[PDB]
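For reference, the structure discussed in these notes is given below.
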Amino acid sequence: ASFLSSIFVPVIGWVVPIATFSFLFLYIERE
Amino acid sequence: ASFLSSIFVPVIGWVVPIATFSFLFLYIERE
Amino acid sequence: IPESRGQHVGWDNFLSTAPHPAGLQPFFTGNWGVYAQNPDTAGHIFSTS
Amino acid sequence: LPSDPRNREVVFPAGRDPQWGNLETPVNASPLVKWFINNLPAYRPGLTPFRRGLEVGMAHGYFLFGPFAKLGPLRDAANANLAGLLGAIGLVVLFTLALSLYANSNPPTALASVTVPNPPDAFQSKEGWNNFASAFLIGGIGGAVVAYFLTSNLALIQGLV
Amino acid sequence: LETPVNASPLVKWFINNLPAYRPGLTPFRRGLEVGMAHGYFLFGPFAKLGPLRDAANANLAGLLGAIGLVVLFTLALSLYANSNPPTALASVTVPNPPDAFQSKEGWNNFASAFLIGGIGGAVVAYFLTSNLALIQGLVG
Amino acid sequence: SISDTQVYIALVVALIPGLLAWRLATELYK
Amino acid sequence: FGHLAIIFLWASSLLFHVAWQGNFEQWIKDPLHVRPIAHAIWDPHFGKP
Amino acid sequence: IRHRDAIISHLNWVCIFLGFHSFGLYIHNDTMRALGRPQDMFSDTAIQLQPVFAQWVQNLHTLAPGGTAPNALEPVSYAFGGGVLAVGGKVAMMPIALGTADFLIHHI
Ligand code: CLA
Ligand code: CLA
Ligand code: CLA
Ligand code: CLA
Ligand code: CLA
Ligand SMILES: CC1=C(/C=C/C(C)=C/C=C/C(C)=C/C=C/C=C(C)/C=C/C=C(C)/C=C/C2=C(C)CCCC2(C)C)C(C)(C)CCC1
Ligand SMILES: CC1=C(/C=C/C(C)=C/C=C/C(C)=C/C=C/C=C(C)/C=C/C=C(C)/C=C/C2=C(C)CCCC2(C)C)C(C)(C)CCC1
Ligand SMILES: CC1=C(/C=C/C(C)=C/C=C/C(C)=C/C=C/C=C(C)/C=C/C=C(C)/C=C/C2=C(C)CCCC2(C)C)C(C)(C)CCC1
């Protein structure tokens with residue numbers, strides 16, 4: 001099942017930092 | 001002229017109830 | 001002038017084709033006499049090669 | 001798996017008034033669920049009513065390409081994906097009617113549940129529900145085209161990635 | 001201070017007519033022209049400079065890349081919207097902000113129309129570069 | 001190598017510390 | 001307890017990425033010349049050489 | 001000293017602009033050769049970056065005897081054009097040909 005690399009690596013490469021940075025930027029800039 | 005079935009049956013199947021129900025729903029719910 | 005020599009140049013192929021096989025190199029270097037090389041001769045039948 | 005730990009509870013009642021017909025459960029007020037539902041485009045703060053229906057239309061118009069194109073009658077032919085595009089666009093229009101039909105009938109005021117402490121203020125006027133309906137048709141048709149563009153050539157995006 | 005670059009009336013007339021500053025526009029209308037413009041040229045450097053620029057799918061490499069980066073900008077617009085943004089500036093060439101860029105509600109309308117226009121601007125650039133010989137037969 | 005089935009068991013079992021890590025990291029405060 | 005459980009989650013990926021992507025059973029036959037394998041590369045940016 | 005903020009911050013931009021578009025074209029070429037992609041590099045073979053504005057000035061200083069300075073015989077030097085002048089075996093001066101690698105290092 002070597003096709004899981006095609007679906008975990010782009011999520012951790014792209015989706016994981018986009019979801020993390022967009023959470024943290026809205027959390028540090030929160031009155 | 002048997003092509004009139006292609007233009008009367010979808011109007012009575014689709015357009016006639018949509019025009020009737022959308023009139024009656026706005027008429028029964030009318031203060 | 002290329003249409004005068006039986007050579008079609010339209011809007012499609014004027015960016016690809018050059019008017020001169022020297023092609024704008026003798027312009028900036030000052031060798032402008034290359035532009036006045038072998039002219040249309042005295043047997044030039046118009047709009048043909 | 002002791003929580004607080006041998007004690008205490010979770011079904012404390014809604015707003016500390018037990019005589020209201022609602023309760024706070026781990027599906028009501030668990031703060032991952034409450035954060036999710038409050039931030040759907042129906043409920044997010046800071047949105048025009050045209051802006052709310054624009055995301056709702058793009059989402060619901062997106063997956064409705066699915067069951068028409070892969071389960072419809074033309075699903076073996078060359079027009080297998082075009083049959084799913086006209087069915088999905090053709091049914092957002094049936095939903096655009098139902099939004100405009102609901103809006104013109106002097107619609108009632110929206111509710112305020114326990115996971116959502118206010119209605120988003122654009123859902124109490126006929127003009128407010130009409131902007132939501134005009135956005136849904138624009139985003140619903142466009143959301144089905146981008147589902148038609150991706151699935152029609154699945155070998156190409158996978159080769160280009 | 002004040003120069004013939006920040007204050008010549010050719011430049012004052014120009015900057016006050018960009019869709020970011022043109023008077024009397026809905027913030028959906030402002031993001032619609034900003035989106036179509038920036039979606040049009042960004043098809044450029046992906047299609048003819050990308051990794052599959054020599055293949056038969058060279059222009060489709062530029063389409064999915066340009067669309068896929070308009071989606072990244074549209075997040076950043078909505079990230080800037082949802083952060084309670086500060087009020088915009090007023091320079092010497094533009095004496096007033098367009099009044100839709102101080103509310104969170106206005107940047108959200110600006111964000112969506114960028115996505116609607118940015119995808120459409122990339123598709124029409126995909127349409128015009130794949131159909132070069134079509135146009136030059138409609139011209140000659 | 002291992003079978004294609006056994007990889008999915010490892011992914012589902014890995015949700016059990018993935019759930020518990022989210023509970024610990026939020027019990028330690030915000 | 002948080003740093004302690006990172007260590008066991010770390011050491012489990014050493015076991016899983018070898019069992020699923022390495023050549024341990026092929027390394028048993030001749031450990032002096034068979035060259036071990038840590039994990040596998042999925043890099044889209046690779047060229048064919 | 002009035003517009004010293006406009007001097008520096010416009011100079012700050014060019015130092016940043018030249019940093020990416022000159023040194024980052026080496027980091028681009030480091031990575032493309034390491035990834036086994038030699039056709040994606042800024043070289044004489046794959047993607048040209050030919051120095052047009054300095055290949056032209058060499059062609060003017062090569063053709064200056066007889067032309068814009070008729071009294072000379074060979075150019076001001078053989079670094080522009082001319083030929084190879086050997087002294088014994090060793091080259092005294094040969095025409096220096098500018099290329100893609102010479103574009104990058106003059107913009108470094
Ligand atoms: C921390 C431990 C760890 C590390 C560094 C790696 C590293 C890697 N894994 Mg792996 N993996 C691990 C544990 C680990 N694995 C465990 C326990 C499992 C079983 C569920 C897997 C199952 C797995 C699969 C199925 C695949 C990978 C893949 C990969 C590679 C790409 C990264 C990726 O997509 O992650 C994938 C990540 C997961 C599937 C889930 C992560 C599971 C661990 C437990 C989470 C650890 C989080 C960490 C502790 C948080 C701390 C962050 C830190 C910065 C503070 C890379 C070699 C891919 C690969 O080989 O590509 C070629 C791939 O297809 N891994
Ligand atoms: C009440 C009488 C009646 C009924 C039940 C039908 C039944 C039918 N007709 Mg027909 N028809 C009728 C009278 C009737 N006809 C008359 C008088 C004409 C001459 C104008 C036609 C001309 C006609 C054509 C040209 C076609 C049909 C077709 C059809 C079929 C599909 C339904 C449709 O599209 O309607 C079509 C309806 C019309 C063209 C107009 C309706 C005309 C009548 C007078 C209206 C009656 C309304 C009714 C009294 C209202 C009361 C409703 C009741 C529930 C209270 C179906 C077998 C189609 C067919 O054969 O498909 C295979 C088709 O192509 N019909
Ligand atoms: C008497 C009226 C009537 C008529 C004329 C039709 C006609 C049709 N039905 Mg049908 N149907 C009816 C009543 C009717 N039905 C009723 C009462 C039910 C409930 C039991 C159903 C349940 C039903 C199902 C469950 C399905 C059909 C399907 C079909 C299509 C089969 C041909 C085909 O392969 O589609 C080829 C054509 C397409 C795939 C798309 C055509 C374009 C669509 C119809 C509209 C496009 C936009 C439109 C112009 C504007 C918006 C819609 C408008 C009505 C507001 C055909 C269009 C099948 C189908 O394809 O549905 C989509 C199907 O799966 N029908
Ligand atoms: C670790 C995560 C990761 C992954 C999985 C990739 C994957 C890829 N990179 Mg890459 N990259 C990464 C990190 C990553 N990169 C980092 C950290 C950098 C900074 C140094 C770069 C810098 C970089 C450059 C400069 C380039 C790539 C390119 C590529 C593509 C090469 C294959 C190809 O021919 O494209 C074929 C596929 C396409 C041309 C288009 C595919 C569709 C795109 C990706 C998205 C479509 C819409 C999307 C579904 C929704 C919006 C996007 C979403 C992320 C929000 C491939 C998709 C090349 C490329 O093509 O980029 C576009 C390229 O030029 N990368
Ligand atoms: C190798 C060491 C090194 C590097 C990289 C730099 C870099 C820089 N110095 Mg610097 N400096 C250094 C050593 C270095 N210095 C030393 C030793 C001293 C001691 C005397 C100084 C003293 C110094 C002063 C006094 C000044 C600088 C300035 C600058 C900046 C010039 C602008 C520029 O070119 O940026 C461009 C960036 C690069 C060339 C780095 C390459 C980056 C690549 C191209 C892109 C990144 C790759 C990828 C996309 C990353 C993302 C990956 C993702 C996963 C995160 C830049 C930040 C000047 C400045 O800031 O004004 C402009 C300035 O005034 N430095
Ligand atoms: C919660 C959750 C879940 C669920 C979810 C889901 C499943 C979702 C869905 C999804 C979907 C549903 C998706 C959607 C998306 C969307 C999109 C993707 C869209 C797009 C669109 C566009 C792109 C368009 C555009 C346009 C317009 C608007 C107009 C004009 C035209 C055009 C085309 C341009 C799960 C299960 C996971 C699990 C748990 C959690
Ligand atoms: C030269 C010059 C200049 C200019 C530059 C620029 C500014 C350019 C740009 C340009 C560009 C950049 C352009 C753009 C354009 C665009 C267009 C032309 C587009 C179109 C589009 C369309 C048409 C679309 C549509 C759609 C939509 C919207 C959605 C749906 C789908 C569709 C597709 C339908 C200046 C003045 C500075 C200076 C002087 C010189
Ligand atoms: C349903 C299903 C499925 C799916 C699943 C999935 C897809 C999974 C994945 C998995 C995953 C996705 C996993 C995750 C995991 C995670 C983890 C395991 C984590 C850990 C972490 C940690 C340990 C933490 C730590 C910390 C703390 C505690 C504090 C703060 C800091 C930090 C954060 C560092 C399948 C297909 C198989 C089959 C069928 C069924």
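By convention here, the chains of the structure tokens are called A, B, ... in the order presented, each chain's residues are numbered starting at 1, and ligands are numbered starting at 1 in the order presented.
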To check your reading of the model: which residues sit at most 9 Å from ligand 4 when counting only C-alpha atoms and all ligand atoms? Write the answer as number ranges by chain.
A: 6, 9-15, 18; D: 157-161; E: 46-47, 49-52, 58, 60-72, 75; G: 42-46
Same residues, N, CA and C atoms, saved as a short mmCIF file (atom, residue, chain, number, x, y, z; two decimals), in the first residue's frame:
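After the write, result_2.cif holds the following:
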data_model
loop_
_atom_site.label_atom_id
_atom_site.label_comp_id
_atom_site.auth_asym_id
_atom_site.auth_seq_id
_atom_site.Cartn_x
_atom_site.Cartn_y
_atom_site.Cartn_z
N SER A 6 1.47 9.23 -1.26
CA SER A 6 0.90 10.27 -2.09
C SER A 6 -0.19 11.07 -1.39
N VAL A 9 2.12 12.71 2.58
CA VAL A 9 3.19 13.68 2.39
C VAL A 9 2.67 15.03 1.89
N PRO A 10 1.75 15.15 0.91
CA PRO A 10 1.22 16.48 0.61
C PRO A 10 0.37 17.07 1.70
N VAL A 11 -0.29 16.27 2.54
CA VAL A 11 -1.06 16.82 3.64
C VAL A 11 -0.13 17.41 4.69
N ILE A 12 0.97 16.72 4.98
CA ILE A 12 1.93 17.23 5.95
C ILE A 12 2.80 18.32 5.34
N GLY A 13 3.04 18.25 4.03
CA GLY A 13 3.76 19.32 3.36
C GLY A 13 2.96 20.60 3.18
N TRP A 14 1.69 20.48 2.81
CA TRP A 14 0.86 21.64 2.51
C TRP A 14 -0.22 21.88 3.55
N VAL A 15 -1.06 20.88 3.82
CA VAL A 15 -2.30 21.12 4.56
C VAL A 15 -2.02 21.31 6.04
N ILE A 18 -0.58 24.96 6.61
CA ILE A 18 -1.63 25.94 6.32
C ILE A 18 -2.68 25.94 7.42
N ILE D 157 -4.40 15.31 -13.86
CA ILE D 157 -3.96 15.97 -12.63
C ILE D 157 -2.97 15.09 -11.88
N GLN D 158 -3.17 13.77 -11.91
CA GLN D 158 -2.26 12.85 -11.24
C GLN D 158 -0.91 12.77 -11.95
N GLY D 159 -0.90 12.94 -13.27
CA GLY D 159 0.37 13.04 -13.97
C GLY D 159 1.05 14.38 -13.79
N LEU D 160 0.26 15.44 -13.66
CA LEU D 160 0.77 16.79 -13.48
C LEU D 160 1.12 17.10 -12.02
N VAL D 161 0.77 16.21 -11.09
CA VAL D 161 1.26 16.27 -9.71
C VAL D 161 2.39 15.27 -9.55
N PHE E 46 3.90 30.18 -14.85
CA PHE E 46 3.77 28.75 -14.62
C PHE E 46 3.74 27.96 -15.92
N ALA E 47 3.19 28.54 -16.98
CA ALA E 47 2.98 27.78 -18.20
C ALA E 47 4.26 27.64 -19.01
N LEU E 49 7.42 28.54 -17.98
CA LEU E 49 8.62 28.37 -17.18
C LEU E 49 8.54 27.19 -16.23
N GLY E 50 7.43 26.46 -16.20
CA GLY E 50 7.24 25.42 -15.24
C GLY E 50 8.01 24.16 -15.59
N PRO E 51 7.81 23.11 -14.79
CA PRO E 51 8.59 21.89 -15.00
C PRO E 51 8.17 21.08 -16.21
N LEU E 52 6.90 21.14 -16.60
CA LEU E 52 6.42 20.42 -17.77
C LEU E 52 6.12 21.36 -18.92
N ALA E 58 1.62 21.56 -21.43
CA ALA E 58 2.37 22.67 -20.86
C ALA E 58 1.45 23.78 -20.37
N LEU E 60 -1.68 23.39 -19.50
CA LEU E 60 -2.48 22.89 -18.39
C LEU E 60 -1.67 22.85 -17.10
N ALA E 61 -0.34 22.75 -17.21
CA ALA E 61 0.53 22.93 -16.06
C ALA E 61 0.46 24.36 -15.55
N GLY E 62 0.28 25.32 -16.45
CA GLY E 62 0.14 26.69 -16.04
C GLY E 62 -1.23 27.04 -15.54
N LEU E 63 -2.25 26.28 -15.94
CA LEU E 63 -3.60 26.57 -15.48
C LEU E 63 -3.81 26.11 -14.05
N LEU E 64 -3.42 24.86 -13.75
CA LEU E 64 -3.63 24.34 -12.40
C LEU E 64 -2.70 24.99 -11.39
N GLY E 65 -1.54 25.46 -11.84
CA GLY E 65 -0.66 26.19 -10.94
C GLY E 65 -1.18 27.58 -10.63
N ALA E 66 -1.71 28.28 -11.64
CA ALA E 66 -2.19 29.64 -11.41
C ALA E 66 -3.49 29.65 -10.63
N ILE E 67 -4.39 28.70 -10.90
CA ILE E 67 -5.61 28.56 -10.10
C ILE E 67 -5.26 28.18 -8.67
N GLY E 68 -4.33 27.24 -8.51
CA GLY E 68 -3.94 26.75 -7.20
C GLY E 68 -3.20 27.75 -6.34
N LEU E 69 -2.81 28.90 -6.89
CA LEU E 69 -2.16 29.96 -6.14
C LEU E 69 -3.06 31.16 -5.91
N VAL E 70 -4.09 31.32 -6.73
CA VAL E 70 -5.18 32.23 -6.41
C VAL E 70 -5.93 31.74 -5.18
N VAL E 71 -6.05 30.42 -5.02
CA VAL E 71 -6.65 29.84 -3.82
C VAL E 71 -5.79 30.12 -2.59
N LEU E 72 -4.46 30.14 -2.76
CA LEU E 72 -3.59 30.50 -1.65
C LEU E 72 -3.72 31.97 -1.28
N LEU E 75 -7.02 32.57 0.70
CA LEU E 75 -6.86 32.27 2.11
C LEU E 75 -6.22 33.44 2.84
N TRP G 42 9.40 9.62 -1.05
CA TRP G 42 8.39 10.11 -1.98
C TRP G 42 8.69 11.59 -2.12
N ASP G 43 9.50 11.94 -3.10
CA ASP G 43 9.80 13.35 -3.36
C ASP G 43 9.30 13.66 -4.76
N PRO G 44 8.33 14.56 -4.91
CA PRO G 44 7.85 14.90 -6.26
C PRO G 44 8.86 15.67 -7.06
N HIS G 45 9.78 16.36 -6.41
CA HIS G 45 10.71 17.23 -7.10
C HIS G 45 11.88 16.46 -7.72
N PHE G 46 11.94 15.14 -7.56
CA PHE G 46 13.01 14.35 -8.17
C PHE G 46 12.91 14.31 -9.68
#
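Residues in contact with residue 22 (chain C) at 9 Å, where only C-alpha atoms are counted and same-chain residues fewer than 3 positions away are skipped, are listed as residues 18, 19, 25, 26, 34 and 35 of chain C.
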Using only C-alpha atoms, select each residue of chain C with any atom at most 7 Å away from an atom of chain E, and give the selection as an MDAnalysis selection string.
chainID C and resid 10:12
Which of region 66-102 of chain E fall in alpha helix (DSSP H), as number ranges by chain:
E: 66-81
Any chance you could export the current selection's C-alpha atoms as a PDB file, in the first residue's frame?
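Output contents, as saved in again.pdb:
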ATOM      1  CA  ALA E  66      -2.190  29.638 -11.411  1.00  0.00           C
ATOM      2  CA  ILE E  67      -5.609  28.564 -10.102  1.00  0.00           C
ATOM      3  CA  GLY E  68      -3.942  26.755  -7.204  1.00  0.00           C
ATOM      4  CA  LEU E  69      -2.157  29.959  -6.136  1.00  0.00           C
ATOM      5  CA  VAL E  70      -5.185  32.227  -6.415  1.00  0.00           C
ATOM      6  CA  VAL E  71      -6.649  29.839  -3.817  1.00  0.00           C
ATOM      7  CA  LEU E  72      -3.593  30.503  -1.651  1.00  0.00           C
ATOM      8  CA  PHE E  73      -4.081  34.270  -1.942  1.00  0.00           C
ATOM      9  CA  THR E  74      -7.792  33.953  -1.157  1.00  0.00           C
ATOM     10  CA  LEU E  75      -6.857  32.267   2.113  1.00  0.00           C
ATOM     11  CA  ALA E  76      -4.446  35.102   2.909  1.00  0.00           C
ATOM     12  CA  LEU E  77      -7.178  37.643   2.189  1.00  0.00           C
ATOM     13  CA  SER E  78      -9.470  35.761   4.564  1.00  0.00           C
ATOM     14  CA  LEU E  79      -6.615  35.406   7.052  1.00  0.00           C
ATOM     15  CA  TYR E  80      -6.124  39.162   6.923  1.00  0.00           C
ATOM     16  CA  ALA E  81      -9.889  39.710   7.151  1.00  0.00           C
TER      17      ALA E  81
END
Report the closest atom pair, with its distance in Å rounded to one decimal, for each residue of chain G that has an atom no farther than 12 Å from ligand 8; count only C-alpha atoms and all ligand atoms, sort by chain and then rising residue number, and write it as a tab-separated table.
residue	atom	partner	partner_atom_place_in_ligand_line	distance
G:1	CA	ligand 8	28 (C)	8.2
G:2	CA	ligand 8	28 (C)	4.8
G:3	CA	ligand 8	28 (C)	7.4
G:4	CA	ligand 8	23 (C)	9.0
G:5	CA	ligand 8	23 (C)	6.1
G:6	CA	ligand 8	23 (C)	5.1
G:7	CA	ligand 8	23 (C)	8.8
G:8	CA	ligand 8	23 (C)	9.2
G:9	CA	ligand 8	23 (C)	7.0
G:10	CA	ligand 8	23 (C)	9.1
G:12	CA	ligand 8	18 (C)	10.6
G:13	CA	ligand 8	18 (C)	10.7
Store the residues of this selection in a file with N, CA, C and O atoms, as a PDB file, in the first residue's frame.
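Contents of again-v3.pdb, freshly written:
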ATOM      1  N   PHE G   1       5.274  13.014  31.413  1.00  0.00           N
ATOM      2  CA  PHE G   1       4.577  11.981  30.657  1.00  0.00           C
ATOM      3  C   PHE G   1       4.441  12.334  29.187  1.00  0.00           C
ATOM      4  O   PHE G   1       4.251  11.435  28.364  1.00  0.00           O
ATOM      5  N   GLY G   2       4.500  13.615  28.845  1.00  0.00           N
ATOM      6  CA  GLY G   2       4.425  14.031  27.464  1.00  0.00           C
ATOM      7  C   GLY G   2       5.714  13.774  26.718  1.00  0.00           C
ATOM      8  O   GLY G   2       5.675  13.285  25.591  1.00  0.00           O
ATOM      9  N   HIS G   3       6.863  14.090  27.325  1.00  0.00           N
ATOM     10  CA  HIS G   3       8.129  13.798  26.664  1.00  0.00           C
ATOM     11  C   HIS G   3       8.409  12.310  26.651  1.00  0.00           C
ATOM     12  O   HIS G   3       9.118  11.824  25.768  1.00  0.00           O
ATOM     13  N   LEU G   4       7.866  11.577  27.616  1.00  0.00           N
ATOM     14  CA  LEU G   4       8.102  10.144  27.664  1.00  0.00           C
ATOM     15  C   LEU G   4       7.349   9.441  26.549  1.00  0.00           C
ATOM     16  O   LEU G   4       7.845   8.470  25.976  1.00  0.00           O
ATOM     17  N   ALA G   5       6.172   9.947  26.199  1.00  0.00           N
ATOM     18  CA  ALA G   5       5.367   9.322  25.164  1.00  0.00           C
ATOM     19  C   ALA G   5       5.761   9.760  23.766  1.00  0.00           C
ATOM     20  O   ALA G   5       5.345   9.123  22.799  1.00  0.00           O
ATOM     21  N   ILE G   6       6.532  10.839  23.632  1.00  0.00           N
ATOM     22  CA  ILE G   6       7.158  11.142  22.352  1.00  0.00           C
ATOM     23  C   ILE G   6       8.209  10.092  22.024  1.00  0.00           C
ATOM     24  O   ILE G   6       8.342   9.667  20.871  1.00  0.00           O
ATOM     25  N   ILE G   7       8.928   9.619  23.046  1.00  0.00           N
ATOM     26  CA  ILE G   7      10.017   8.667  22.858  1.00  0.00           C
ATOM     27  C   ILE G   7       9.492   7.328  22.361  1.00  0.00           C
ATOM     28  O   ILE G   7      10.078   6.715  21.463  1.00  0.00           O
ATOM     29  N   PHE G   8       8.357   6.872  22.892  1.00  0.00           N
ATOM     30  CA  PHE G   8       7.811   5.605  22.422  1.00  0.00           C
ATOM     31  C   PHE G   8       7.125   5.742  21.072  1.00  0.00           C
ATOM     32  O   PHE G   8       7.133   4.794  20.284  1.00  0.00           O
ATOM     33  N   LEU G   9       6.537   6.903  20.783  1.00  0.00           N
ATOM     34  CA  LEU G   9       6.028   7.138  19.438  1.00  0.00           C
ATOM     35  C   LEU G   9       7.158   7.302  18.438  1.00  0.00           C
ATOM     36  O   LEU G   9       6.998   6.942  17.270  1.00  0.00           O
ATOM     37  N   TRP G  10       8.296   7.844  18.870  1.00  0.00           N
ATOM     38  CA  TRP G  10       9.470   7.892  18.007  1.00  0.00           C
ATOM     39  C   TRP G  10      10.009   6.502  17.719  1.00  0.00           C
ATOM     40  O   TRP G  10      10.290   6.171  16.564  1.00  0.00           O
ATOM     41  N   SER G  12       8.519   3.725  17.791  1.00  0.00           N
ATOM     42  CA  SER G  12       7.607   2.880  17.041  1.00  0.00           C
ATOM     43  C   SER G  12       7.690   3.158  15.551  1.00  0.00           C
ATOM     44  O   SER G  12       7.455   2.256  14.744  1.00  0.00           O
ATOM     45  N   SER G  13       8.017   4.391  15.164  1.00  0.00           N
ATOM     46  CA  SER G  13       8.205   4.672  13.748  1.00  0.00           C
ATOM     47  C   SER G  13       9.500   4.083  13.225  1.00  0.00           C
ATOM     48  O   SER G  13       9.637   3.881  12.018  1.00  0.00           O
TER      49      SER G  13
END
Can you tell me which residues sit at most 7 Å away from ligand 3, counting only C-alpha atoms and all ligand atoms, written as a ChimeraX atom specification?
/B:9-10,13-15 /D:68,72-74,83-84,86-87,89-91,93-94
Nearby residues, ligand 7, 9 Å, only C-alpha atoms and all ligand atoms, as an NGL selection string:
(:D and (142)) or (:E and (14 or 32-33 or 35-42 or 113 or 116-125))
List the neighbours of residue 48 (chain C) out to 12 Å using only C-alpha atoms; skip same-chain residues closer than 4 positions along the sequence, and give me the result as a PyMOL selection string.
chain C and resi 1-8+40+43-44
Give the residues close to ligand 5, within 7 Å, counting only C-alpha atoms and all ligand atoms; write them as a list in words.
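Listed by chain and ascending number, the contacts are residues 12, 13, 15, 16, 18, 19, 20, 23, 24 and 27 of chain H.
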Residues as selected, N, CA, C and O atoms, written as a PDB file, in the first residue's frame, can you do that?
ATOM      1  N   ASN H  12      17.577  49.644  -0.092  1.00  0.00           N
ATOM      2  CA  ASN H  12      17.296  48.400   0.609  1.00  0.00           C
ATOM      3  C   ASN H  12      16.540  47.422  -0.278  1.00  0.00           C
ATOM      4  O   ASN H  12      16.755  46.212  -0.188  1.00  0.00           O
ATOM      5  N   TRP H  13      15.678  47.927  -1.159  1.00  0.00           N
ATOM      6  CA  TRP H  13      14.937  47.050  -2.054  1.00  0.00           C
ATOM      7  C   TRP H  13      15.835  46.429  -3.114  1.00  0.00           C
ATOM      8  O   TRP H  13      15.680  45.249  -3.439  1.00  0.00           O
ATOM      9  N   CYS H  15      19.100  45.852  -3.036  1.00  0.00           N
ATOM     10  CA  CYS H  15      19.965  44.862  -2.410  1.00  0.00           C
ATOM     11  C   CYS H  15      19.226  43.559  -2.156  1.00  0.00           C
ATOM     12  O   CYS H  15      19.809  42.477  -2.287  1.00  0.00           O
ATOM     13  N   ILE H  16      17.941  43.648  -1.817  1.00  0.00           N
ATOM     14  CA  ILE H  16      17.117  42.457  -1.676  1.00  0.00           C
ATOM     15  C   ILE H  16      16.749  41.880  -3.032  1.00  0.00           C
ATOM     16  O   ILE H  16      16.790  40.663  -3.226  1.00  0.00           O
ATOM     17  N   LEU H  18      18.434  42.172  -5.884  1.00  0.00           N
ATOM     18  CA  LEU H  18      19.606  41.525  -6.449  1.00  0.00           C
ATOM     19  C   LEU H  18      20.025  40.297  -5.668  1.00  0.00           C
ATOM     20  O   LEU H  18      20.762  39.466  -6.204  1.00  0.00           O
ATOM     21  N   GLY H  19      19.600  40.170  -4.414  1.00  0.00           N
ATOM     22  CA  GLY H  19      19.982  38.999  -3.650  1.00  0.00           C
ATOM     23  C   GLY H  19      19.263  37.757  -4.126  1.00  0.00           C
ATOM     24  O   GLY H  19      19.870  36.700  -4.292  1.00  0.00           O
ATOM     25  N   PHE H  20      17.970  37.872  -4.382  1.00  0.00           N
ATOM     26  CA  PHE H  20      17.218  36.721  -4.847  1.00  0.00           C
ATOM     27  C   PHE H  20      17.509  36.420  -6.305  1.00  0.00           C
ATOM     28  O   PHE H  20      17.807  35.280  -6.654  1.00  0.00           O
ATOM     29  N   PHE H  23      21.820  35.476  -6.589  1.00  0.00           N
ATOM     30  CA  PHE H  23      22.314  34.348  -5.814  1.00  0.00           C
ATOM     31  C   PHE H  23      21.335  33.189  -5.806  1.00  0.00           C
ATOM     32  O   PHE H  23      21.758  32.032  -5.821  1.00  0.00           O
ATOM     33  N   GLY H  24      20.033  33.470  -5.797  1.00  0.00           N
ATOM     34  CA  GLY H  24      19.049  32.407  -5.841  1.00  0.00           C
ATOM     35  C   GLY H  24      19.004  31.658  -7.152  1.00  0.00           C
ATOM     36  O   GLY H  24      18.414  30.580  -7.209  1.00  0.00           O
ATOM     37  N   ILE H  27      21.330  28.877  -6.217  1.00  0.00           N
ATOM     38  CA  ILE H  27      20.627  27.925  -5.366  1.00  0.00           C
ATOM     39  C   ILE H  27      19.606  27.152  -6.178  1.00  0.00           C
ATOM     40  O   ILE H  27      19.343  25.974  -5.908  1.00  0.00           O
TER      41      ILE H  27
END
Residues of chain D no more than 12 Å from chain E, counting only C-alpha atoms: send them over as number ranges by chain.
D: 39, 41, 44-55, 58, 135, 138-139, 142-143, 145-146, 149-150, 153, 155-161
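Across the structure, CA of residue 98 (chain E) and CA of residue 31 (chain E) are spaced 12.5 Å apart.
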